[PDB]
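Quick look at my_file-v8.pdb (PDB, C-alpha atoms (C1' of nucleotides)):
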```
ATOM      1  CA  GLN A  86     124.726-118.773 -54.133  1.00  0.00           C
ATOM      2  CA  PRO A  87     127.087-119.887 -51.275  1.00  0.00           C
ATOM      3  CA  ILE A  88     129.930-117.297 -50.964  1.00  0.00           C
ATOM      4  CA  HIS A  89     131.515-118.870 -47.843  1.00  0.00           C
ATOM      5  CA  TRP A  90     130.252-122.001 -46.038  1.00  0.00           C
ATOM      6  CA  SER A  91     130.858-124.661 -43.411  1.00  0.00           C
ATOM      7  CA  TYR A  92     128.929-127.702 -42.178  1.00  0.00           C
ATOM      8  CA  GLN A  93     128.372-129.008 -38.668  1.00  0.00           C
ATOM      9  CA  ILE A  94     127.106-132.571 -38.238  1.00  0.00           C
ATOM     10  CA  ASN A  95     125.070-132.476 -35.002  1.00  0.00           C
ATOM     11  CA  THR A  96     122.968-135.264 -33.454  1.00  0.00           C
ATOM     12  CA  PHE A  97     119.311-134.686 -32.563  1.00  0.00           C
ATOM     13  CA  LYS A  98     117.002-136.872 -30.369  1.00  0.00           C
ATOM     14  CA  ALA A  99     113.496-137.713 -29.213  1.00  0.00           C
ATOM     15  CA  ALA A 100     112.826-136.719 -25.567  1.00  0.00           C
ATOM     16  CA  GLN A 101     112.092-139.253 -22.825  1.00  0.00           C
ATOM     17  CA  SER A 102     109.308-137.257 -21.113  1.00  0.00           C
ATOM     18  CA  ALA A 103     108.372-140.223 -18.885  1.00  0.00           C
ATOM     19  CA  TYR A 104     110.711-141.317 -16.065  1.00  0.00           C
ATOM     20  CA  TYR A 105     111.170-144.724 -17.805  1.00  0.00           C
ATOM     21  CA  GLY A 106     112.551-145.065 -21.348  1.00  0.00           C
ATOM     22  CA  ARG A 107     112.903-148.162 -23.537  1.00  0.00           C
ATOM     23  CA  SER A 108     115.027-147.882 -26.696  1.00  0.00           C
ATOM     24  CA  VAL A 109     112.528-149.180 -29.299  1.00  0.00           C
ATOM     25  CA  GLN A 110     113.532-150.349 -32.795  1.00  0.00           C
ATOM     26  CA  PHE A 111     111.966-148.152 -35.499  1.00  0.00           C
ATOM     27  CA  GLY A 112     109.030-150.144 -36.869  1.00  0.00           C
ATOM     28  CA  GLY A 113     108.806-152.303 -33.805  1.00  0.00           C
ATOM     29  CA  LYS A 114     105.941-152.610 -31.424  1.00  0.00           C
ATOM     30  CA  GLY A 115     104.767-149.250 -30.116  1.00  0.00           C
ATOM     31  CA  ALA A 116     106.885-147.661 -32.921  1.00  0.00           C
ATOM     32  CA  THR A 117     105.003-148.843 -36.067  1.00  0.00           C
ATOM     33  CA  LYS A 118     104.391-145.327 -37.562  1.00  0.00           C
ATOM     34  CA  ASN A 119     106.749-142.782 -39.202  1.00  0.00           C
ATOM     35  CA  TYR A 120     107.772-140.352 -36.383  1.00  0.00           C
ATOM     36  CA  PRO A 121     111.165-139.126 -35.038  1.00  0.00           C
ATOM     37  CA  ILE A 122     111.557-141.831 -32.389  1.00  0.00           C
ATOM     38  CA  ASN A 123     115.247-142.587 -31.465  1.00  0.00           C
ATOM     39  CA  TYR A 124     118.001-140.301 -32.914  1.00  0.00           C
ATOM     40  CA  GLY A 125     119.507-138.855 -36.132  1.00  0.00           C
ATOM     41  CA  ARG A 126     122.457-136.699 -37.317  1.00  0.00           C
ATOM     42  CA  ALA A 127     121.794-133.404 -39.121  1.00  0.00           C
ATOM     43  CA  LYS A 128     124.459-131.946 -41.425  1.00  0.00           C
ATOM     44  CA  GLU A 129     123.544-128.284 -40.888  1.00  0.00           C
ATOM     45  CA  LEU A 130     124.967-125.195 -42.627  1.00  0.00           C
ATOM     46  CA  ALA A 131     126.941-123.432 -39.867  1.00  0.00           C
ATOM     47  CA  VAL A 132     127.211-119.887 -38.331  1.00  0.00           C
ATOM     48  CA  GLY A 133     130.459-119.568 -40.332  1.00  0.00           C
ATOM     49  CA  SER A 134     128.527-119.014 -43.620  1.00  0.00           C
ATOM     50  CA  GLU A 135     127.481-116.336 -46.116  1.00  0.00           C
ATOM     51  CA  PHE A 136     125.160-116.645 -49.172  1.00  0.00           C
ATOM     52  CA  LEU A 137     124.164-114.200 -51.982  1.00  0.00           C
ATOM     53  CA  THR A 138     120.723-113.771 -53.648  1.00  0.00           C
ATOM     54  CA  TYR A 139     118.962-111.157 -55.705  1.00  0.00           C
ATOM     55  CA  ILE A 140     115.377-110.020 -55.478  1.00  0.00           C
ATOM     56  CA  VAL A 141     113.940-108.229 -58.507  1.00  0.00           C
ATOM     57  CA  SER A 142     110.768-106.264 -58.087  1.00  0.00           C
ATOM     58  CA  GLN A 143     108.789-103.581 -59.786  1.00  0.00           C
ATOM     59  CA  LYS A 144     108.334-101.387 -56.777  1.00  0.00           C
ATOM     60  CA  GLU A 145     110.502-100.165 -53.913  1.00  0.00           C
ATOM     61  CA  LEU A 146     110.405-103.012 -51.364  1.00  0.00           C
ATOM     62  CA  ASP A 147     110.581-102.898 -47.531  1.00  0.00           C
ATOM     63  CA  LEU A 148     112.755-106.047 -47.183  1.00  0.00           C
ATOM     64  CA  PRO A 149     113.110-107.524 -43.653  1.00  0.00           C
ATOM     65  CA  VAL A 150     116.705-107.357 -42.284  1.00  0.00           C
ATOM     66  CA  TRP A 151     116.102-110.702 -40.526  1.00  0.00           C
ATOM     67  CA  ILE A 152     114.627-113.916 -41.983  1.00  0.00           C
ATOM     68  CA  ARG A 153     114.207-117.499 -40.720  1.00  0.00           C
ATOM     69  CA  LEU A 154     114.892-120.682 -42.784  1.00  0.00           C
ATOM     70  CA  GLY A 155     114.571-124.457 -42.648  1.00  0.00           C
ATOM     71  CA  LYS A 156     113.688-127.441 -40.374  1.00  0.00           C
ATOM     72  CA  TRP A 157     114.477-125.449 -37.178  1.00  0.00           C
ATOM     73  CA  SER A 158     113.493-121.832 -38.188  1.00  0.00           C
ATOM     74  CA  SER A 159     117.055-120.480 -38.001  1.00  0.00           C
ATOM     75  CA  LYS A 160     118.000-116.732 -38.075  1.00  0.00           C
ATOM     76  CA  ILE A 161     119.690-115.063 -41.039  1.00  0.00           C
ATOM     77  CA  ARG A 162     120.873-111.437 -41.106  1.00  0.00           C
ATOM     78  CA  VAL A 163     119.902-109.949 -44.453  1.00  0.00           C
ATOM     79  CA  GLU A 164     121.993-106.922 -45.348  1.00  0.00           C
ATOM     80  CA  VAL A 165     120.635-105.421 -48.546  1.00  0.00           C
ATOM     81  CA  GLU A 166     121.559-102.745 -51.098  1.00  0.00           C
ATOM     82  CA  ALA A 167     119.512-101.609 -54.081  1.00  0.00           C
ATOM     83  CA  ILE A 168     121.724-101.852 -57.191  1.00  0.00           C
ATOM     84  CA  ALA A 169     121.439 -98.285 -58.592  1.00  0.00           C
ATOM     85  CA  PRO A 170     120.609 -97.456 -62.283  1.00  0.00           C
TER
ATOM     86  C1'   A B   1     102.466-126.540 -46.732  1.00  0.00           C
ATOM     87  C1'   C B   2     110.156-122.421 -46.333  1.00  0.00           C
ATOM     88  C1'   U B   3     114.071-129.288 -49.414  1.00  0.00           C
ATOM     89  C1'   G B   4     107.828-127.429 -44.842  1.00  0.00           C
ATOM     90  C1'   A B   5     104.523-128.360 -39.897  1.00  0.00           C
ATOM     91  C1'   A B   6     106.385-130.868 -33.871  1.00  0.00           C
ATOM     92  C1'   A B   7     111.803-132.489 -32.617  1.00  0.00           C
ATOM     93  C1'   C B   8     116.675-133.261 -25.072  1.00  0.00           C
ATOM     94  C1'   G B   9     122.645-137.904 -27.720  1.00  0.00           C
ATOM     95  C1'   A B  10     119.433-139.235 -23.425  1.00  0.00           C
ATOM     96  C1'   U B  11     119.377-142.307 -19.002  1.00  0.00           C
ATOM     97  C1'   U B  12     122.995-144.114 -14.665  1.00  0.00           C
ATOM     98  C1'   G B  13     127.740-143.680 -12.489  1.00  0.00           C
ATOM     99  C1'   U B  14     132.422-141.329  -5.804  1.00  0.00           C
ATOM    100  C1'   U B  15     139.215-140.292  -9.351  1.00  0.00           C
ATOM    101  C1'   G B  16     138.617-144.642  -6.516  1.00  0.00           C
ATOM    102  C1'   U B  17     141.286-148.152  -3.201  1.00  0.00           C
ATOM    103  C1'   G B  18     146.126-148.346   0.945  1.00  0.00           C
ATOM    104  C1'   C B  19     149.722-145.220   3.067  1.00  0.00           C
ATOM    105  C1'   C B  20     152.991-142.855  10.418  1.00  0.00           C
ATOM    106  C1'   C B  21     156.747-136.394   7.713  1.00  0.00           C
ATOM    107  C1'   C B  22     159.148-140.930   9.126  1.00  0.00           C
ATOM    108  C1'   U B  23     164.239-142.296  11.402  1.00  0.00           C
ATOM    109  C1'   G B  24     168.466-140.091  15.212  1.00  0.00           C
ATOM    110  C1'   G B  25     169.636-136.145  18.680  1.00  0.00           C
ATOM    111  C1'   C B  26     171.856-134.527  26.577  1.00  0.00           C
ATOM    112  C1'   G B  27     170.131-127.029  26.277  1.00  0.00           C
ATOM    113  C1'   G B  28     175.204-128.749  26.494  1.00  0.00           C
ATOM    114  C1'   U B  29     179.820-126.897  28.542  1.00  0.00           C
ATOM    115  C1'   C B  30     182.763-123.844  32.860  1.00  0.00           C
ATOM    116  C1'   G B  31     181.525-121.226  37.445  1.00  0.00           C
ATOM    117  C1'   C B  32     183.353-120.964  45.852  1.00  0.00           C
ATOM    118  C1'   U B  33     177.261-116.648  47.535  1.00  0.00           C
ATOM    119  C1'   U B  34     182.338-114.640  47.465  1.00  0.00           C
ATOM    120  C1'   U B  35     185.171-110.498  49.917  1.00  0.00           C
ATOM    121  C1'   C B  36     185.761-107.743  55.751  1.00  0.00           C
ATOM    122  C1'   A B  37     184.007-108.052  60.673  1.00  0.00           C
ATOM    123  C1'   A B  38     186.424-108.708  68.629  1.00  0.00           C
ATOM    124  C1'   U B  39     179.913-110.482  71.780  1.00  0.00           C
ATOM    125  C1'   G B  40     182.129-105.690  72.488  1.00  0.00           C
ATOM    126  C1'   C B  41     182.360-101.543  76.136  1.00  0.00           C
ATOM    127  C1'   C B  42     182.445-101.003  82.808  1.00  0.00           C
ATOM    128  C1'   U B  43     181.756-103.769  87.407  1.00  0.00           C
TER
END
```
Representation of the structure as structure tokens:
Amino acid sequence: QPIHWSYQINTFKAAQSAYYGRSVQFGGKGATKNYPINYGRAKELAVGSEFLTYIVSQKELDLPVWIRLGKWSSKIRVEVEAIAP
RNA sequence: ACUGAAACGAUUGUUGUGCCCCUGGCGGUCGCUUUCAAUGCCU
């Protein structure tokens, strides 16, 4: 559940590793296969955000206080409390 | 296969080109090197 959230729209690119770069149309010659050629804009969930989840288990659980999520393996602080009986 | 695996908004570019701290201006004005003195004493 999102408790507090914001979005950033940030561009991402393909690198020109060679000294010479041609902008090629996607599906053109030398570009005929589905790969991230050219550029795109990602609407990311931003640092200014907080989400709430619940884990239910039948045994005391050594939950990691850091996790990674998504397309770019991005860090989340997990702060966790066991809800007492 | 975490709505997954990899993922450069990049490449190039001179805040540039011209420009007299310039013009005018008397270190000027006033001012006695002055005041006193035996070529002297004797033949």
For this structure, which residues satisfy the selection - the PyMOL selection byres ((chain A) within 7 of (chain B)) - when it is evaluated on the file as given? I want them as a PyMOL selection string. chain A and resi 96-100+154-155
To one decimal place in Å, what is the distance between atom CA of residue 163 of chain A and atom CA of residue 148 of chain A? 8.6 Å
Computed interatomic separation between atom CA of residue 162 of chain A and atom CA of residue 126 of chain A (Å): 25.6 Å
Excluding segment 102-113 of chain A and residues on its chain fewer than 4 positions from it, collect all residues at most 8 Å away from it, counting all atoms listed in the file, and give them as number ranges by chain. A: 117-118, 122-123; B: 11
Keeping only C-alpha atoms (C1' of nucleotides), write the selected residues as a PDB file, in the coordinates of the input.
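The new file out.pdb reads:
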```pdb
ATOM      1  CA  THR A 117     105.003-148.843 -36.067  1.00  0.00           C
ATOM      2  CA  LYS A 118     104.391-145.327 -37.562  1.00  0.00           C
ATOM      3  CA  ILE A 122     111.557-141.831 -32.389  1.00  0.00           C
ATOM      4  CA  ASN A 123     115.247-142.587 -31.465  1.00  0.00           C
TER       5      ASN A 123
ATOM      6  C1'   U B  11     119.377-142.307 -19.002  1.00  0.00           C
TER       7        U B  11
END
```
Pick out the residues sitting within 7 Å of segment 128-135 of chain A, and hand them over as a PDB file with C-alpha atoms, in the coordinates of the input; count only C-alpha atoms (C1' of nucleotides), and ignore anything fewer than 4 positions along from it in its own chain.
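File around25.pdb, as written:
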```
ATOM      1  CA  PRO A  87     127.087-119.887 -51.275  1.00  0.00           C
ATOM      2  CA  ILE A  88     129.930-117.297 -50.964  1.00  0.00           C
ATOM      3  CA  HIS A  89     131.515-118.870 -47.843  1.00  0.00           C
ATOM      4  CA  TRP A  90     130.252-122.001 -46.038  1.00  0.00           C
ATOM      5  CA  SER A  91     130.858-124.661 -43.411  1.00  0.00           C
ATOM      6  CA  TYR A  92     128.929-127.702 -42.178  1.00  0.00           C
ATOM      7  CA  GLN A  93     128.372-129.008 -38.668  1.00  0.00           C
ATOM      8  CA  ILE A  94     127.106-132.571 -38.238  1.00  0.00           C
ATOM      9  CA  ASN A  95     125.070-132.476 -35.002  1.00  0.00           C
TER      10      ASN A  95
END
```
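Comparing the minimum interatomic distances between residue 151 of chain A and each of A:121, A:164, A:139, A:127, counting only C-alpha atoms, we find that A:164 sits nearest.
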For atom CA of residue 152 of chain A and atom CA of residue 140 of chain A, the interatomic separation in Å (one decimal): 14.1 Å
May I have the residues at most 12 Å from (122.1, -112.2, -58.7) in the file's coordinates, counting only C-alpha atoms (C1' of nucleotides), as an mmCIF file with C-alpha atoms, keeping the file's coordinate frame?
```
data_model
loop_
_atom_site.group_PDB
_atom_site.id
_atom_site.type_symbol
_atom_site.label_atom_id
_atom_site.label_comp_id
_atom_site.auth_asym_id
_atom_site.auth_seq_id
_atom_site.Cartn_x
_atom_site.Cartn_y
_atom_site.Cartn_z
ATOM 1 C CA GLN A 86 124.726 -118.773 -54.133
ATOM 2 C CA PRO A 87 127.087 -119.887 -51.275
ATOM 3 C CA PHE A 136 125.160 -116.645 -49.172
ATOM 4 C CA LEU A 137 124.164 -114.200 -51.982
ATOM 5 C CA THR A 138 120.723 -113.771 -53.648
ATOM 6 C CA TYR A 139 118.962 -111.157 -55.705
ATOM 7 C CA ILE A 140 115.377 -110.020 -55.478
ATOM 8 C CA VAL A 141 113.940 -108.229 -58.507
ATOM 9 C CA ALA A 167 119.512 -101.609 -54.081
ATOM 10 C CA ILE A 168 121.724 -101.852 -57.191
#
```
